[PDB]
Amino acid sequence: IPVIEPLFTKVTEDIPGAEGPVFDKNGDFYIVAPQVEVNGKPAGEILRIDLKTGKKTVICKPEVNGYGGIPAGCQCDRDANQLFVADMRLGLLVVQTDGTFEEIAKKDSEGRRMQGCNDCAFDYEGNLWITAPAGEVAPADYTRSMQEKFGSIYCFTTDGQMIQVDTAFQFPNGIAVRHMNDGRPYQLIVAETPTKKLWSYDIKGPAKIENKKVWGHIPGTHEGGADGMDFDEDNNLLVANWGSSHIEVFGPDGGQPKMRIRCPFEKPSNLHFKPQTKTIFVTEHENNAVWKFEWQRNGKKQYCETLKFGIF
């Protein structure tokens, strides 16, 4: 398996458990610091990073009734410049640029208590696919599916329903949506960290997934595995293999990685392309920092880059 060693450039530092890299509609960059604590309790933060200086600004420190959040993954909305943030303690949050936020759900479409989420992915239809490796959201005692199979997958639809689409995952983590060339969502990829597997489903419609399959295999016997992921314009899936020092590159058909990217650190967490460029911003937990490197091509357009009223 060929390995490339592109130059990694420092972006920002000292961000506890750096995760959820994301760009909004104005090209602003954001990162989440899920591991920030205040007296042993969760006090996670959502930060805006100045790309010119690397200076950090905490725009939101979500807390619902005294229970601080553990924000872990982000996606930018299209019809409004707002962030949908997966929180391991609070579920799904919608965060504005001014720093205000709203907690989307305490319960799913079935009246079942919501589970703490880790990452999410918008499909071109506007539906949000979310991974939920944690147990029930606050006030319930914090638990996570690293050992037991209680991790779930949700789909927050356009009509506002929080639908649980699957369960029994051992820490579902990264998530991405594969689209047909005409923009139709047709395949969902879900990372299951400890088991070193990438799972796939055929998306038949909003919140409708079928034919669960072990799509790809993550290298290594190290503690960790597939964390964050994202597609490039040619539909190759780059996955952060936490603990391996590499970001794995999968072809459209999955299986074994067709290339690996060596990072000058052991714990790559999440990654995100900068709109209209080959630049991939990567968060890592060895030093708890953010980096950037040039990939072989542009990233797949995120939902926020598409046009609602576009003709073509």
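Sequential numbering from 1, following the sequence displayed.
Greater mean Cα temperature factor according to the PDB record, 33 to 41 or 63 to 71: Higher mean C-alpha B-factor: 33 to 41.
Entry-level comparison of average CA B-factors, 49 to 57 and 254 to 262, reporting the higher stretch: Higher mean C-alpha B-factor: 49 to 57.
Given 87, 123, 110, 192, the residue at which the Cα B factor reaches its maximum: Answer for 87, 123, 110, 192: 110, with the highest C-alpha B-factor.
Given 141, 77, 232, 119, the residue at which the Cα B factor reaches its maximum: Comparing C-alpha B-factors across 141, 77, 232, 119, the maximum falls on 141.
Lowest, middle or highest third - CA B-factor, residue 162: For residue 162, whose C-alpha B-factor we compare with every modelled residue in the chain, the answer is the middle third.
CA B-factor placement of residue 169, once the chain's modelled residues are sorted into thirds: Middle third.
Third of the chain, ranked by Cα B-factor, where residue 242 sits: Its C-alpha B-factor belongs to the lowest third of this chain's values.
Chain-wide C-alpha B factor ranking for residue 186, given as lowest, middle or highest third: Highest third, going by the recorded CA B-factors of the chain.
Chain third (lowest, middle, highest) by recorded CA B-factor, residue given as residue 289: CA B-factor rank for residue 289: middle third.
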